[PDB]
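J.: Data file start.cif (mmCIF, C-alpha atoms) is appended below.
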```
data_input
#
loop_
_atom_site.group_PDB
_atom_site.id
_atom_site.type_symbol
_atom_site.label_atom_id
_atom_site.label_comp_id
_atom_site.auth_asym_id
_atom_site.auth_seq_id
_atom_site.Cartn_x
_atom_site.Cartn_y
_atom_site.Cartn_z
ATOM 1 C CA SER A 1 4.351 -16.116 16.359
ATOM 2 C CA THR A 2 2.389 -15.348 13.214
ATOM 3 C CA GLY A 3 -0.614 -13.323 12.109
ATOM 4 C CA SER A 4 -3.006 -13.541 9.169
ATOM 5 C CA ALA A 5 -5.637 -10.968 8.250
ATOM 6 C CA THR A 6 -7.960 -10.528 5.315
ATOM 7 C CA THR A 7 -7.663 -7.298 3.325
ATOM 8 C CA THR A 8 -10.730 -6.041 1.458
ATOM 9 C CA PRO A 9 -11.080 -3.515 -1.393
ATOM 10 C CA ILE A 10 -12.846 -0.340 -0.303
ATOM 11 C CA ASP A 11 -14.881 -0.072 -3.510
ATOM 12 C CA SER A 12 -15.597 -1.755 -6.836
ATOM 13 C CA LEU A 13 -12.407 -0.332 -8.409
ATOM 14 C CA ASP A 14 -9.909 -1.551 -5.772
ATOM 15 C CA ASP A 15 -9.027 2.093 -5.047
ATOM 16 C CA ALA A 16 -7.487 0.882 -1.771
ATOM 17 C CA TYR A 17 -7.646 -2.048 0.643
ATOM 18 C CA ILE A 18 -8.625 -2.073 4.319
ATOM 19 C CA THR A 19 -7.572 -4.586 6.957
ATOM 20 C CA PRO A 20 -9.122 -4.833 10.418
ATOM 21 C CA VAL A 21 -6.793 -3.968 13.303
ATOM 22 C CA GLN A 22 -7.475 -4.338 17.027
ATOM 23 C CA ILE A 23 -6.254 -1.431 19.161
ATOM 24 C CA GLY A 24 -6.484 -1.159 22.927
ATOM 25 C CA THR A 25 -8.124 -3.018 25.795
ATOM 26 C CA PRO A 26 -10.891 -3.901 25.319
ATOM 27 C CA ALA A 27 -10.194 -4.076 21.605
ATOM 28 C CA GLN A 28 -11.303 -1.259 19.341
ATOM 29 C CA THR A 29 -11.350 -2.552 15.771
ATOM 30 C CA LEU A 30 -10.460 -0.040 13.065
ATOM 31 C CA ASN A 31 -10.103 -0.702 9.338
ATOM 32 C CA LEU A 32 -6.658 0.530 8.301
ATOM 33 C CA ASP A 33 -4.921 0.971 4.965
ATOM 34 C CA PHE A 34 -1.741 -1.127 5.143
ATOM 35 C CA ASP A 35 0.870 0.993 3.391
ATOM 36 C CA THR A 36 4.302 -0.372 2.496
ATOM 37 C CA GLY A 37 5.186 3.144 1.261
ATOM 38 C CA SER A 38 5.004 4.853 4.676
ATOM 39 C CA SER A 39 5.909 4.190 8.287
ATOM 40 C CA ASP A 40 3.289 5.759 10.558
ATOM 41 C CA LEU A 41 0.379 3.915 12.174
ATOM 42 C CA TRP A 42 -2.207 6.668 12.556
ATOM 43 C CA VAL A 43 -5.915 6.623 13.276
ATOM 44 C CA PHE A 44 -9.014 8.748 13.314
ATOM 45 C CA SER A 45 -9.709 9.301 16.990
ATOM 46 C CA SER A 46 -11.719 11.007 19.672
ATOM 47 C CA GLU A 47 -9.169 13.853 19.274
ATOM 48 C CA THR A 48 -9.831 14.408 15.565
ATOM 49 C CA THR A 49 -11.420 17.770 14.746
ATOM 50 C CA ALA A 50 -15.127 16.956 14.724
ATOM 51 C CA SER A 51 -15.858 18.542 11.335
ATOM 52 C CA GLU A 52 -13.113 16.364 9.789
ATOM 53 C CA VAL A 53 -14.764 13.087 10.824
ATOM 54 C CA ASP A 54 -17.487 11.773 8.500
ATOM 55 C CA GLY A 55 -18.388 8.138 9.094
ATOM 56 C CA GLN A 56 -14.993 6.730 10.126
ATOM 57 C CA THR A 57 -14.594 4.533 13.162
ATOM 58 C CA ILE A 58 -12.516 6.318 15.800
ATOM 59 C CA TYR A 59 -10.013 5.198 18.397
ATOM 60 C CA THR A 60 -10.808 6.558 21.862
ATOM 61 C CA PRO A 61 -7.686 6.172 23.996
ATOM 62 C CA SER A 62 -9.516 7.134 27.211
ATOM 63 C CA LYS A 63 -11.570 3.930 26.860
ATOM 64 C CA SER A 64 -8.464 1.747 26.587
ATOM 65 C CA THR A 65 -6.957 0.573 29.863
ATOM 66 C CA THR A 66 -3.626 -0.094 28.141
ATOM 67 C CA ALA A 67 -3.314 3.296 26.373
ATOM 68 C CA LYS A 68 -0.600 5.645 27.569
ATOM 69 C CA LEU A 69 0.025 9.140 26.258
ATOM 70 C CA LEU A 70 3.536 9.342 24.804
ATOM 71 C CA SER A 71 4.469 12.583 26.500
ATOM 72 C CA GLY A 72 5.511 15.397 24.224
ATOM 73 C CA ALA A 73 5.320 13.334 21.038
ATOM 74 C CA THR A 74 3.689 14.708 17.896
ATOM 75 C CA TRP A 75 3.507 13.595 14.279
ATOM 76 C CA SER A 76 2.723 15.149 10.934
ATOM 77 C CA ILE A 77 2.772 13.490 7.553
ATOM 78 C CA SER A 78 2.214 14.555 3.963
ATOM 79 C CA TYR A 79 1.695 11.905 1.301
ATOM 80 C CA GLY A 80 2.559 11.951 -2.396
ATOM 81 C CA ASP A 81 -1.049 12.535 -3.475
ATOM 82 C CA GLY A 82 -1.125 15.735 -1.422
ATOM 83 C CA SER A 83 -3.110 14.321 1.482
ATOM 84 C CA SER A 84 -1.997 14.843 5.086
ATOM 85 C CA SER A 85 -2.694 14.298 8.767
ATOM 86 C CA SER A 86 -1.124 15.150 12.126
ATOM 87 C CA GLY A 87 -1.648 14.814 15.869
ATOM 88 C CA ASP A 88 -0.261 13.336 19.079
ATOM 89 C CA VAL A 89 0.777 9.824 20.106
ATOM 90 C CA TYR A 90 -0.255 7.022 22.440
ATOM 91 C CA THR A 91 1.287 3.638 23.014
ATOM 92 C CA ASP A 92 -1.170 0.754 23.182
ATOM 93 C CA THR A 93 -1.647 -2.895 22.326
ATOM 94 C CA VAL A 94 -2.187 -3.515 18.627
ATOM 95 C CA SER A 95 -3.137 -6.847 17.075
ATOM 96 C CA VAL A 96 -3.364 -7.832 13.419
ATOM 97 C CA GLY A 97 -4.802 -11.207 12.505
ATOM 98 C CA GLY A 98 -3.885 -12.709 15.868
ATOM 99 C CA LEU A 99 -0.394 -11.197 16.086
ATOM 100 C CA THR A 100 -0.050 -8.849 19.054
ATOM 101 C CA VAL A 101 2.411 -6.038 19.718
ATOM 102 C CA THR A 102 2.398 -4.299 23.080
ATOM 103 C CA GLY A 103 3.666 -0.733 23.340
ATOM 104 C CA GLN A 104 2.967 0.107 19.698
ATOM 105 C CA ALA A 105 2.965 3.807 18.843
ATOM 106 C CA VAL A 106 -0.593 4.675 17.789
ATOM 107 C CA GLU A 107 -0.622 8.121 16.248
ATOM 108 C CA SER A 108 -3.904 9.839 17.042
ATOM 109 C CA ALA A 109 -5.065 12.350 14.433
ATOM 110 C CA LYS A 110 -6.032 15.822 15.559
ATOM 111 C CA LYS A 111 -6.240 16.983 11.920
ATOM 112 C CA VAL A 112 -6.761 15.177 8.613
ATOM 113 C CA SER A 113 -6.967 16.563 5.084
ATOM 114 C CA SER A 114 -10.245 16.622 3.183
ATOM 115 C CA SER A 115 -9.444 13.513 1.142
ATOM 116 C CA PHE A 116 -9.342 11.428 4.329
ATOM 117 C CA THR A 117 -12.531 12.996 5.712
ATOM 118 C CA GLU A 118 -14.328 12.327 2.441
ATOM 119 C CA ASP A 119 -13.561 8.600 2.508
ATOM 120 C CA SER A 120 -15.611 6.948 5.244
ATOM 121 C CA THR A 121 -14.092 3.511 4.662
ATOM 122 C CA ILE A 122 -10.509 4.178 5.833
ATOM 123 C CA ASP A 123 -10.054 4.652 9.588
ATOM 124 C CA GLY A 124 -6.304 5.302 9.303
ATOM 125 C CA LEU A 125 -3.053 3.903 7.915
ATOM 126 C CA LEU A 126 -0.678 1.186 9.097
ATOM 127 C CA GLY A 127 2.777 1.876 7.701
ATOM 128 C CA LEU A 128 5.004 -1.016 6.651
ATOM 129 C CA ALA A 129 7.956 0.811 5.091
ATOM 130 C CA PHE A 130 11.178 1.206 7.104
ATOM 131 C CA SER A 131 10.999 2.901 10.478
ATOM 132 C CA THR A 132 13.505 5.539 9.367
ATOM 133 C CA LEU A 133 10.539 7.291 7.641
ATOM 134 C CA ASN A 134 8.408 7.456 10.792
ATOM 135 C CA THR A 135 7.402 11.067 11.493
ATOM 136 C CA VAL A 136 7.028 11.021 15.287
ATOM 137 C CA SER A 137 9.003 13.806 16.954
ATOM 138 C CA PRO A 138 11.140 14.185 19.014
ATOM 139 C CA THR A 139 11.552 10.421 19.374
ATOM 140 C CA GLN A 140 11.004 8.463 16.173
ATOM 141 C CA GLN A 141 8.824 5.361 16.598
ATOM 142 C CA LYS A 142 8.926 1.868 15.103
ATOM 143 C CA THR A 143 6.442 0.283 12.710
ATOM 144 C CA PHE A 144 4.175 -2.569 13.723
ATOM 145 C CA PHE A 145 6.355 -4.944 11.675
ATOM 146 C CA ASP A 146 9.575 -3.647 13.234
ATOM 147 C CA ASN A 147 8.118 -4.179 16.717
ATOM 148 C CA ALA A 148 6.801 -7.652 15.868
ATOM 149 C CA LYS A 149 9.772 -8.929 13.922
ATOM 150 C CA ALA A 150 11.816 -10.576 16.646
ATOM 151 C CA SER A 151 8.754 -12.529 17.817
ATOM 152 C CA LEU A 152 7.835 -13.767 14.342
ATOM 153 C CA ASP A 153 8.599 -17.301 13.206
ATOM 154 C CA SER A 154 10.339 -15.703 10.200
ATOM 155 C CA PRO A 155 11.065 -11.966 9.820
ATOM 156 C CA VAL A 156 8.705 -11.477 6.872
ATOM 157 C CA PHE A 157 5.273 -10.295 5.869
ATOM 158 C CA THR A 158 3.423 -11.035 2.653
ATOM 159 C CA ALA A 159 0.891 -9.116 0.582
ATOM 160 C CA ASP A 160 -1.617 -11.065 -1.480
ATOM 161 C CA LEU A 161 -4.014 -8.452 -2.822
ATOM 162 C CA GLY A 162 -7.106 -9.502 -4.729
ATOM 163 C CA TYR A 163 -8.493 -8.173 -8.000
ATOM 164 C CA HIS A 164 -12.042 -7.067 -7.239
ATOM 165 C CA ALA A 165 -11.873 -9.486 -4.290
ATOM 166 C CA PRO A 166 -10.454 -9.860 -0.795
ATOM 167 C CA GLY A 167 -6.873 -10.945 -0.210
ATOM 168 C CA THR A 168 -4.494 -11.528 2.681
ATOM 169 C CA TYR A 169 -1.669 -9.988 4.714
ATOM 170 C CA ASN A 170 0.394 -12.597 6.554
ATOM 171 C CA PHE A 171 3.062 -11.916 9.174
ATOM 172 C CA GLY A 172 5.839 -14.310 10.068
ATOM 173 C CA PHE A 173 5.297 -17.068 7.499
ATOM 174 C CA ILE A 174 5.037 -17.767 3.787
ATOM 175 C CA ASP A 175 1.853 -19.593 2.761
ATOM 176 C CA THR A 176 3.132 -21.989 0.124
ATOM 177 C CA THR A 177 -0.454 -22.692 -1.030
ATOM 178 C CA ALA A 178 -1.011 -19.030 -1.973
ATOM 179 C CA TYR A 179 1.115 -18.843 -5.136
ATOM 180 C CA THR A 180 2.085 -20.881 -8.179
ATOM 181 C CA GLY A 181 5.594 -21.798 -9.268
ATOM 182 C CA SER A 182 8.475 -20.341 -7.288
ATOM 183 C CA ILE A 183 9.131 -17.058 -5.519
ATOM 184 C CA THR A 184 11.845 -14.969 -7.203
ATOM 185 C CA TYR A 185 13.749 -12.789 -4.776
ATOM 186 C CA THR A 186 15.367 -9.492 -5.719
ATOM 187 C CA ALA A 187 17.600 -6.950 -3.963
ATOM 188 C CA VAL A 188 16.241 -4.049 -1.934
ATOM 189 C CA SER A 189 17.733 -0.663 -1.171
ATOM 190 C CA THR A 190 16.538 0.834 2.092
ATOM 191 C CA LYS A 191 18.376 4.125 1.522
ATOM 192 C CA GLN A 192 15.179 6.136 0.926
ATOM 193 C CA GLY A 193 13.254 4.172 3.561
ATOM 194 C CA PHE A 194 11.165 2.268 0.994
ATOM 195 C CA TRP A 195 11.004 -1.282 -0.315
ATOM 196 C CA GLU A 196 12.971 -0.104 -3.344
ATOM 197 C CA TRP A 197 13.998 -2.611 -6.001
ATOM 198 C CA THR A 198 14.880 -2.789 -9.691
ATOM 199 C CA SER A 199 12.630 -4.458 -12.222
ATOM 200 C CA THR A 200 14.404 -6.088 -15.144
ATOM 201 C CA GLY A 201 11.992 -4.843 -17.808
ATOM 202 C CA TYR A 202 8.554 -5.031 -19.340
ATOM 203 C CA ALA A 203 6.282 -6.191 -22.106
ATOM 204 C CA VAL A 204 3.007 -4.867 -23.484
ATOM 205 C CA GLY A 205 0.392 -7.489 -24.284
ATOM 206 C CA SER A 206 1.845 -10.266 -26.424
ATOM 207 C CA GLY A 207 4.797 -8.073 -27.404
ATOM 208 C CA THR A 208 8.472 -8.839 -26.967
ATOM 209 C CA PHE A 209 10.066 -8.285 -23.567
ATOM 210 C CA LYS A 210 12.206 -5.162 -23.258
ATOM 211 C CA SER A 211 15.166 -5.692 -20.959
ATOM 212 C CA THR A 212 15.690 -2.472 -19.051
ATOM 213 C CA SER A 213 16.311 -1.571 -15.412
ATOM 214 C CA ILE A 214 13.382 0.169 -13.728
ATOM 215 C CA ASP A 215 14.033 1.258 -10.161
ATOM 216 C CA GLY A 216 10.891 1.645 -8.082
ATOM 217 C CA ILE A 217 9.090 0.920 -4.851
ATOM 218 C CA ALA A 218 6.690 -1.822 -3.863
ATOM 219 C CA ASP A 219 3.880 0.269 -2.406
ATOM 220 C CA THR A 220 0.625 -1.270 -1.247
ATOM 221 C CA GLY A 221 -0.627 2.206 -0.293
ATOM 222 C CA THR A 222 -0.595 3.540 -3.854
ATOM 223 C CA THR A 223 -3.457 2.433 -6.118
ATOM 224 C CA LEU A 224 -1.869 2.605 -9.557
ATOM 225 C CA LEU A 225 1.312 1.614 -11.381
ATOM 226 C CA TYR A 226 3.549 4.649 -12.034
ATOM 227 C CA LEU A 227 6.369 4.085 -14.518
ATOM 228 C CA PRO A 228 8.644 6.137 -16.796
ATOM 229 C CA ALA A 229 6.928 8.094 -19.552
ATOM 230 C CA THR A 230 8.590 6.010 -22.277
ATOM 231 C CA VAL A 231 7.154 2.781 -20.855
ATOM 232 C CA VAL A 232 3.713 4.242 -20.257
ATOM 233 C CA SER A 233 3.531 5.709 -23.768
ATOM 234 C CA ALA A 234 4.432 2.299 -25.206
ATOM 235 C CA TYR A 235 1.565 0.719 -23.235
ATOM 236 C CA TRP A 236 -1.144 3.216 -24.168
ATOM 237 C CA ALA A 237 -0.079 3.287 -27.823
ATOM 238 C CA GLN A 238 -1.608 -0.216 -28.018
ATOM 239 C CA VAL A 239 -5.034 1.082 -27.013
ATOM 240 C CA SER A 240 -7.049 2.788 -29.765
ATOM 241 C CA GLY A 241 -8.163 6.243 -28.692
ATOM 242 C CA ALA A 242 -6.027 6.377 -25.536
ATOM 243 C CA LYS A 243 -4.410 9.711 -24.755
ATOM 244 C CA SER A 244 -2.797 11.669 -21.973
ATOM 245 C CA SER A 245 -5.224 14.299 -20.684
ATOM 246 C CA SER A 246 -3.765 17.230 -18.781
ATOM 247 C CA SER A 247 -7.273 18.230 -17.677
ATOM 248 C CA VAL A 248 -8.069 14.811 -16.217
ATOM 249 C CA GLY A 249 -4.525 14.296 -14.900
ATOM 250 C CA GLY A 250 -3.293 11.258 -16.788
ATOM 251 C CA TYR A 251 -3.944 8.707 -19.477
ATOM 252 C CA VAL A 252 -7.555 8.006 -20.316
ATOM 253 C CA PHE A 253 -8.985 5.546 -22.809
ATOM 254 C CA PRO A 254 -12.351 4.625 -24.352
ATOM 255 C CA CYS A 255 -14.351 2.601 -21.860
ATOM 256 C CA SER A 256 -15.266 0.353 -24.824
ATOM 257 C CA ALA A 257 -11.644 -0.834 -25.111
ATOM 258 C CA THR A 258 -10.293 -4.230 -24.224
ATOM 259 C CA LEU A 259 -6.952 -3.459 -22.550
ATOM 260 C CA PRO A 260 -3.744 -5.409 -23.206
ATOM 261 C CA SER A 261 -1.821 -7.006 -20.353
ATOM 262 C CA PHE A 262 1.375 -5.541 -18.953
ATOM 263 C CA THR A 263 4.302 -7.723 -17.894
ATOM 264 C CA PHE A 264 7.079 -6.670 -15.528
ATOM 265 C CA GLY A 265 10.343 -8.466 -14.849
ATOM 266 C CA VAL A 266 11.587 -9.715 -11.505
ATOM 267 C CA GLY A 267 15.026 -11.056 -12.249
ATOM 268 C CA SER A 268 14.480 -13.715 -14.913
ATOM 269 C CA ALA A 269 10.850 -14.154 -13.814
ATOM 270 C CA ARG A 270 7.801 -12.369 -15.219
ATOM 271 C CA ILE A 271 4.648 -11.079 -13.561
ATOM 272 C CA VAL A 272 1.683 -10.544 -15.880
ATOM 273 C CA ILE A 273 -0.898 -7.877 -15.042
ATOM 274 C CA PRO A 274 -4.117 -8.722 -16.943
ATOM 275 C CA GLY A 275 -5.615 -5.898 -18.985
ATOM 276 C CA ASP A 276 -8.735 -5.747 -16.831
ATOM 277 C CA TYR A 277 -6.580 -4.780 -13.797
ATOM 278 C CA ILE A 278 -5.633 -1.573 -15.638
ATOM 279 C CA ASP A 279 -9.230 -0.288 -16.024
ATOM 280 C CA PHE A 280 -10.210 2.265 -13.341
ATOM 281 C CA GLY A 281 -13.545 3.106 -14.838
ATOM 282 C CA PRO A 282 -15.283 6.281 -15.962
ATOM 283 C CA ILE A 283 -13.465 9.525 -15.190
ATOM 284 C CA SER A 284 -16.791 10.887 -13.931
ATOM 285 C CA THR A 285 -20.144 9.201 -13.479
ATOM 286 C CA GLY A 286 -21.700 8.313 -16.846
ATOM 287 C CA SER A 287 -18.609 9.184 -18.894
ATOM 288 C CA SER A 288 -17.378 6.907 -21.685
ATOM 289 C CA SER A 289 -13.796 8.025 -20.996
ATOM 290 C CA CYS A 290 -12.072 5.668 -18.538
ATOM 291 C CA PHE A 291 -9.046 6.286 -16.326
ATOM 292 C CA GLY A 292 -5.945 4.188 -16.882
ATOM 293 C CA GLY A 293 -4.246 2.125 -14.203
ATOM 294 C CA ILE A 294 -0.757 2.672 -15.634
ATOM 295 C CA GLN A 295 0.386 6.280 -15.419
ATOM 296 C CA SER A 296 3.583 8.271 -15.818
ATOM 297 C CA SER A 297 5.889 8.761 -12.837
ATOM 298 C CA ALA A 298 7.427 11.823 -14.481
ATOM 299 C CA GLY A 299 7.242 14.562 -11.865
ATOM 300 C CA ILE A 300 6.829 12.115 -8.969
ATOM 301 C CA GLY A 301 10.571 11.482 -8.860
ATOM 302 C CA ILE A 302 10.180 7.757 -8.223
ATOM 303 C CA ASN A 303 8.550 4.798 -9.977
ATOM 304 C CA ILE A 304 5.799 3.143 -7.956
ATOM 305 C CA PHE A 305 4.713 -0.488 -8.180
ATOM 306 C CA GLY A 306 1.341 0.155 -6.562
ATOM 307 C CA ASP A 307 -1.671 -2.099 -6.166
ATOM 308 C CA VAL A 308 -2.227 -2.556 -9.920
ATOM 309 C CA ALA A 309 1.133 -4.359 -10.093
ATOM 310 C CA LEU A 310 1.232 -5.952 -6.666
ATOM 311 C CA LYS A 311 -2.240 -7.526 -6.928
ATOM 312 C CA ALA A 312 -0.963 -9.604 -9.856
ATOM 313 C CA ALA A 313 1.573 -11.281 -7.526
ATOM 314 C CA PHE A 314 2.175 -12.909 -4.195
ATOM 315 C CA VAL A 315 4.704 -10.531 -2.652
ATOM 316 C CA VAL A 316 7.169 -11.271 0.136
ATOM 317 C CA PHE A 317 8.535 -8.371 2.149
ATOM 318 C CA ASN A 318 11.592 -10.021 3.680
ATOM 319 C CA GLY A 319 12.791 -8.070 6.708
ATOM 320 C CA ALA A 320 15.917 -10.096 7.378
ATOM 321 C CA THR A 321 19.099 -8.207 8.294
ATOM 322 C CA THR A 322 19.560 -7.560 4.579
ATOM 323 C CA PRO A 323 16.010 -7.046 3.335
ATOM 324 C CA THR A 324 14.809 -8.438 0.010
ATOM 325 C CA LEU A 325 11.549 -8.673 -1.967
ATOM 326 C CA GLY A 326 10.029 -11.847 -3.402
ATOM 327 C CA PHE A 327 7.460 -12.102 -6.204
ATOM 328 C CA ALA A 328 5.495 -15.124 -7.351
ATOM 329 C CA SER A 329 2.670 -15.548 -9.809
ATOM 330 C CA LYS A 330 -0.614 -16.757 -8.319
#
```
Could you take the file, read its structure, and then write that structure out as structure tokens?

T.:
Amino acid sequence: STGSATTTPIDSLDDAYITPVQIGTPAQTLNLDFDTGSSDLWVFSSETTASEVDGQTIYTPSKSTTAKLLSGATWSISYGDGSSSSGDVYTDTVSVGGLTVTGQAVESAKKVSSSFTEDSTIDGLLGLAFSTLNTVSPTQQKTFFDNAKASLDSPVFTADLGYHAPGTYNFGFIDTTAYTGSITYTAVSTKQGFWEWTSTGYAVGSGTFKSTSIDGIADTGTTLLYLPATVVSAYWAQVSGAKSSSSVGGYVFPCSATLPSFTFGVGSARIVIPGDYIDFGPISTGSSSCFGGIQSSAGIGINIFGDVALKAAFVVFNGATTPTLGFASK
């Protein structure tokens, strides 16, 4: 089997991407944030505290003839940005782009943090990291990909995120028309539960490539590119007027700037992030100070190849017995 679904930016800045997912019988379609940095499929629901729902589409398990309460199971997750959610668990039929899993754990939110409430466009998350990170207790549950994998034509999914445009998540096949050149594969460590890999270095604009190992995670659920302070300082030094602002919470730059590109290494290959991808717009409405898309990972404890990096590539998440990651230009 295979599946193919379009993923759409939630706003004009590509702050996140949502992908329609069918849950239950008859189908209830929710727009979920596909997150290769986490491993829970959770949704706003009929059980979510009423005051914490503001415009989201909810899953109502009582209206699904295939929903079953997973007795005694609860979940609770806290993300790196400080957001959180928790609740109980159903199993139900879940389909993405024509690919169907029966008996998928659907984690129904009883509580969500304010940041989720305040964003009407995201109805929940669909985790695509390794199932070892799944928070369901007392019986850990598998991701949608983990459940689908044996049925897939090939044990892979691909992320093809658009810049200011829709893109695609495919399951079970590699669309050879969706990238240019060849796909370069690189080793993955699953020891922290992430798609963790080591970049071979970077360049800023037209500058020379610096060969240096940068361990980090391929994370579709993080908006920006978080890298070591040395690397980030080297990038922003090429932008007149750019500075790190403790009050704003990162590097900002004059909105009048034309940003340089940023290149990262994948083995001997190179992925170029155009300068425009690094502009996240005014820090507040009407401001001429703009927020940068490359930020320091110092204090996070891990480097994160988020959407800013991934959207510059066609990315293969290879879930073979020894997982790997592939990157191609596009």

J.: For the point (9.3, 13.5, 24.9) in file coordinates, what residues are within 10 Å, counting all atoms listed in the file? Give the answer as a tab-separated table (two decimals) with C-alpha atoms, in the coordinates of the input?

T.:
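Contents of the output file selection-v2.tsv:
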```tsv
chain	number	residue	atom	x	y	z
A	70	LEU	CA	3.54	9.34	24.80
A	71	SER	CA	4.47	12.58	26.50
A	72	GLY	CA	5.51	15.40	24.22
A	73	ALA	CA	5.32	13.33	21.04
A	74	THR	CA	3.69	14.71	17.90
A	137	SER	CA	9.00	13.81	16.95
A	138	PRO	CA	11.14	14.18	19.01
A	139	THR	CA	11.55	10.42	19.37
```

J.: Would you write out, as number ranges by chain, every residue that the PyMOL selection byres ((chain A and resi 305) around 10) captures in this file?

T.: A: 196-197, 199, 215-227, 264, 294, 302-304, 306-311

J.: Taking 6 positions as the minimum chain separation for residues in the same chain, which residues sit within 8 Å of segment 101-109 of chain A when counting only C-alpha atoms? Answer as a PyMOL selection string.

T.: chain A and resi 40-45+47-48+59+75+85-95+141-144+147-148

J.: With a distance cut-off of 8 Å and all atoms listed in the file, select the neighbouring residues of segment 120-132 of chain A, excluding the residue or stretch itself and same-chain residues fewer than 4 positions from it, and output the selection as a ChimeraX atom specification.

T.: /A:10,18,30-44,54-58,116,140-146,190,193-195

J.: Once the PyMOL selection byres ((chain A and resi 261) around 10) has been evaluated on this model, what residues remain selected, and can you format them as a list in words?

T.: residues 203, 204, 205, 206, 207, 235, 258, 259, 260, 262, 263, 272, 273, 274, 275, 276, 277 and 278 of chain A

J.: So, counting all atoms listed in the file, which residue among A:6, A:251, A:289, A:53 is closest to residue 114 of chain A?

T.: A:53

J.: So how many Å separate atom CA of residue 66 of chain A and atom CA of residue 98 of chain A, to one decimal?

T.: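 Computed distance, atom CA of residue 66 of chain A to atom CA of residue 98 of chain A, equals 17.6 Å.
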
J.: Between atom CA of residue 187 of chain A and atom CA of residue 324 of chain A, what distance in Å does the model show, to one decimal?

T.: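 Atom-to-atom, atom CA of residue 187 of chain A and atom CA of residue 324 of chain A are spaced 5.1 Å apart.
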